[PDB]
Amino acid sequence: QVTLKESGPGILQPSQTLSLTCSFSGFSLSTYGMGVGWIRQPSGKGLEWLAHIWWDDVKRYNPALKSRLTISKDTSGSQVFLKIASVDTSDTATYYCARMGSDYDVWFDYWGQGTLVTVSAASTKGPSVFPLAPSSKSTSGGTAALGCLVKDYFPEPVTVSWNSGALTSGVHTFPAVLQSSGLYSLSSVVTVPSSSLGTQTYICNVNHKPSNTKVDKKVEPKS
Amino acid sequence: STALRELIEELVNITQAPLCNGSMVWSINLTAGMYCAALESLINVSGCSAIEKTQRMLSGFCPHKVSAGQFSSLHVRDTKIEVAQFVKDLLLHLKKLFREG
Amino acid sequence: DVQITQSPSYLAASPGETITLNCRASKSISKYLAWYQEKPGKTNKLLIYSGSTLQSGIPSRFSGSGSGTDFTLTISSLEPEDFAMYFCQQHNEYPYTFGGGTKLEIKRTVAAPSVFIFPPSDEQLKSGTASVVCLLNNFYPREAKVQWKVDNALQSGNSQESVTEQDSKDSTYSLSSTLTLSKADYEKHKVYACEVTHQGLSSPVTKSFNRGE
C-alpha cells in the first residue's frame, strides 16, 4: 500500500546544493490531510527533523537550517523535493522522507528506506572485487565458507547479493571499514555445503552506484 | 501553542452527538480575526452546555471581552447554519494555524 | 527546543520477558511523544503517538505511558520480531526532535564461532597488496578476540574488523577480520594463522594456511 522512496546524488562537493526527491504511492499530496517531511541521520548519531510540507502548501523548516532549505511538491502532488544550499561535511547523513500520520500533528506513519548522501571533496572510486575461495581451512562439519572482498571504494554504500538473489540463507555482508587510505573495504560471505562445491556456481553481485561500478565475480575452489 | 492544541482537541471531542441540538448561528469570515469572530458568532447559543468550555477557550485568544446580546448586523449576505457545521469549519481553520505555527 | 534522552541506550532480554524503555524530555511536552521501531533493511515503523495511542495494526503488547517530561514504552512478553532499535520523538513543539534510540537485543545461550581463513587471491597480489581474511561465523555473545600471526610473529595494528548485527534466525553475530600486507611481505612468509578466543571455546581455535598449499 503506502510506500515512499528517496532519490539523491550519492556524493557531492562542499558548497554545492543538495537536491533530494521523494516519490510515493498510495496517497497524493493533493488529498486533504496529506503531507510529507524530510528527516536525516548522521552516522552513529540521532535523527534530526529538517522540513515538511502539507497538501495546501503550508511548510515548516528547522530554524537551525531554515535559510539553506527549500521544500516543494509538484502540481500532481506525487513527489516532494528538498533543496539544501551550501552543503558542508556536517550534511553527510542518511536522508528519509516520511508521511505525516495526522492532518495537523507531526508524527510519521510511513517512512522511506532512506538514501545516503556523502558530502566530500574526495573523488569517487569504484571497488575491486576479489574472491575469498572455499578450501579445507574454510570447511567444517559439512559446511564450507566462501565470499567476496570488495576493496578500495569511495563513498559508501555498496550492495552485495549472491547468485542474483538465488541464495538467501547463510549470507553475511559485513559493515564496511574505512581504511587508513581513506577508502572503504567490505567482505560478504556465504556458508554452503562442502560436498556440492564441485557442482555449484557461486557469483557475488556487487554494485557501487556512485562510481557506476557493477561487478559479478565467480568464486571457485583454488588459489 | 498548547492553548491552540487544547482548543482543537476540545472541538475534536465535541464534534466526534450533534453538537448544539438544533441551534443555528450566522457564518462569518473566519480568515480575518478568526478567534474573536468565532466567539462573537458562538457567544449567543443559549441552551448548550457542551459549548461552554469552547466559549471560554476562545476567550483566551481574543484581546477584547466578547459579551452576549450585542449588535453586529442584520446579516444580509450571511446565512444560518448548524453550530456543528460552524464548529467543524472553525476546526479546519484552527488546524491550519497550528500547522502554520 | 526540546532535547530527548533515551537511557539506557542498550538493553538485552530473552523472549517472553516484559521490558520498559525510557524517554526523557528536557522540558514538558505534555503527552505528545511518539515511538518508532527500527530494523535493518526495513522502513521505520510507527508504534505509538500522543504518549499512549497505539497505532492501528500494532499488537497490544506495546504500551506507551507518561506525561510531561518522563515517558516509557513497555513491551510485554517479547516476541522474537520485537527485538530492534526503538526511538522516540516529541511532537509537542516545533522544532520536532528525536531521542537517540535504545537497541533491544536478544539474550541467548553462548554459541562458539566457526572459524575460516582465506588467503589473498592471485588477482589481488597482481596489484601489489595482500589481504588475508579471518571469518568467525555465528557466535554469541558479541565479544571475541582474533589474533593474527605470520610465521609466529604477532601482527599488531595492521588489521581491521567488523561485526554483523544479530541474526534474525539464531541471534548470533559474525565477525570478519582483514590483515593487510604488501605482496612483497606476503611472499616472504609461510604460515598465516588466525587464532580466536571466545567464551564458547574451552581453548583458542586457530585456522592457518601455508602460502603455497
# chains A, B, ... in the order shown; residues from 1 in each chain; ligands from 1

call {"tool": "residues_around", "arguments": {"residues": "residue 197 (chain A)", "least_positions_apart": "4", "cutoff": "9 Å", "atoms": "only C-alpha atoms", "output": "mmCIF file with C-alpha atoms, in the first residue's frame"}}
result
data_model
loop_
_atom_site.group_PDB
_atom_site.id
_atom_site.type_symbol
_atom_site.label_atom_id
_atom_site.label_comp_id
_atom_site.auth_asym_id
_atom_site.auth_seq_id
_atom_site.Cartn_x
_atom_site.Cartn_y
_atom_site.Cartn_z
ATOM 1 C CA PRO A 134 36.462 -22.098 -0.382
ATOM 2 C CA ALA A 144 32.335 -24.535 3.710
ATOM 3 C CA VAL A 192 27.300 -23.650 1.831
ATOM 4 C CA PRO A 193 27.503 -27.476 1.763
ATOM 5 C CA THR A 201 28.494 -21.988 -9.098
ATOM 6 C CA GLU A 220 35.619 -21.140 -7.138
ATOM 7 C CA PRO A 221 37.755 -23.591 -5.188
#

call {"tool": "residues_around", "arguments": {"residues": "region 146-150 of chain A", "least_positions_apart": "6", "cutoff": "10 Å", "atoms": "only C-alpha atoms", "output": "ChimeraX atom specification"}}
result
/A:126-135,138-139,158-160,162,171-173,176,184-192,202-208,215,217-221 /C:116-118,120-121,124,131,133,135,178

call {"tool": "write_last_selection", "arguments": {"atoms": "C-alpha atoms", "output": "tab-separated table (two decimals), in the first residue's frame"}}
result
chain	number	residue	atom	x	y	z
A	126	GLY	CA	34.88	2.06	-7.71
A	127	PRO	CA	35.91	-1.11	-5.88
A	128	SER	CA	38.00	-4.11	-6.91
A	129	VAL	CA	36.39	-7.44	-6.18
A	130	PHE	CA	38.42	-10.39	-5.15
A	131	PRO	CA	37.40	-13.96	-4.30
A	132	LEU	CA	37.53	-15.50	-0.87
A	133	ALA	CA	37.82	-19.03	-2.25
A	134	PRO	CA	36.46	-22.10	-0.38
A	135	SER	CA	39.16	-24.53	0.83
A	138	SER	CA	37.26	-22.77	5.15
A	139	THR	CA	35.36	-26.09	5.62
A	158	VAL	CA	27.98	-0.92	-1.86
A	159	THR	CA	25.38	-3.66	-2.15
A	160	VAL	CA	26.28	-7.33	-2.44
A	162	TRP	CA	24.79	-13.92	-4.12
A	171	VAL	CA	24.89	-14.89	3.64
A	172	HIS	CA	26.63	-12.33	5.91
A	173	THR	CA	27.58	-8.99	4.30
A	176	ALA	CA	32.47	-1.55	5.55
A	184	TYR	CA	36.40	1.58	2.26
A	185	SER	CA	36.61	-2.20	2.16
A	186	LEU	CA	33.89	-4.74	2.86
A	187	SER	CA	33.50	-8.54	2.99
A	188	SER	CA	30.44	-10.64	2.06
A	189	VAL	CA	30.41	-14.33	2.83
A	190	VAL	CA	28.07	-17.29	2.32
A	191	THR	CA	28.33	-20.70	4.02
A	192	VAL	CA	27.30	-23.65	1.83
A	202	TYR	CA	28.77	-19.04	-6.74
A	203	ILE	CA	28.69	-15.48	-8.05
A	204	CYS	CA	28.73	-12.33	-5.87
A	205	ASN	CA	26.88	-9.41	-7.45
A	206	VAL	CA	28.46	-6.18	-6.33
A	207	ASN	CA	27.12	-2.70	-7.08
A	208	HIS	CA	28.74	0.67	-6.26
A	215	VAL	CA	30.81	-6.49	-10.95
A	217	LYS	CA	32.60	-12.22	-9.60
A	218	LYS	CA	32.66	-16.06	-9.75
A	219	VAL	CA	34.17	-17.65	-6.62
A	220	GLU	CA	35.62	-21.14	-7.14
A	221	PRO	CA	37.76	-23.59	-5.19
C	116	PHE	CA	37.52	-19.86	8.38
C	117	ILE	CA	40.76	-18.33	6.99
C	118	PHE	CA	41.17	-17.06	3.43
C	120	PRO	CA	44.78	-13.34	-0.72
C	121	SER	CA	43.87	-14.10	-4.33
C	124	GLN	CA	44.87	-9.22	-5.69
C	131	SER	CA	44.50	-9.12	2.24
C	133	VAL	CA	40.68	-12.58	5.89
C	135	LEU	CA	35.83	-15.24	9.39
C	178	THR	CA	41.24	-8.41	7.49

call {"tool": "residues_around", "arguments": {"residues": "residue 73 (chain B)", "least_positions_apart": "5", "cutoff": "12 Å", "atoms": "only C-alpha atoms", "output": "PyMOL selection string"}}
result
chain B and resi 26+28+40-41+78

call {"tool": "write_last_selection", "arguments": {"atoms": "C-alpha atoms", "output": "PDB file, in the first residue's frame"}}
result
ATOM      1  CA  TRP B  26     -24.546  33.025  11.400  1.00  0.00           C
ATOM      2  CA  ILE B  28     -18.559  34.805   9.164  1.00  0.00           C
ATOM      3  CA  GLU B  40     -18.825  36.580  18.528  1.00  0.00           C
ATOM      4  CA  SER B  41     -20.766  34.029  16.424  1.00  0.00           C
ATOM      5  CA  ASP B  78     -24.646  35.880   5.962  1.00  0.00           C
TER       6      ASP B  78
END

call {"tool": "select_by_dssp", "arguments": {"residues": "chain B", "states": "strand (DSSP E)", "output": "PyMOL selection string"}}
result
chain B and resi 24-26+80-82

call {"tool": "residues_around", "arguments": {"residues": "residue 94 (chain C)", "least_positions_apart": "6", "cutoff": "12 Å", "atoms": "only C-alpha atoms", "output": "PyMOL selection string"}}
result
(chain A and resi 49-52+60-64+105-107) or (chain B and resi 1-2+98-101) or (chain C and resi 1-3+29+32)

call {"tool": "interface_residues", "arguments": {"of": "chain A", "to": "chain B", "cutoff": "12 Å", "atoms": "only C-alpha atoms", "output": "list in words"}}
result
residues 32, 33, 35, 52, 53, 54, 55, 56, 57, 58, 59, 60, 61, 100, 102, 103, 104, 105 and 106 of chain A

call {"tool": "select_by_dssp", "arguments": {"residues": "chain B", "states": "helix (DSSP H, G or I)", "output": "PyMOL selection string"}}
result
chain B and resi 2-15+34-42+49-59+83-100

call {"tool": "closest_residue", "arguments": {"among": "A:178, A:116, A:22, A:69", "to": "chain C", "atoms": "only C-alpha atoms"}}
result
A:178

call {"tool": "atom_distance", "arguments": {"atom1": "CA of residue 89 (chain A)", "atom2": "CA of residue 118 (chain A)"}}
result
7.6 Å

call {"tool": "closest_residue", "arguments": {"among": "C:115, C:175, C:98, C:77", "to": "residue 136 (chain A)", "atoms": "only C-alpha atoms"}}
result
C:115
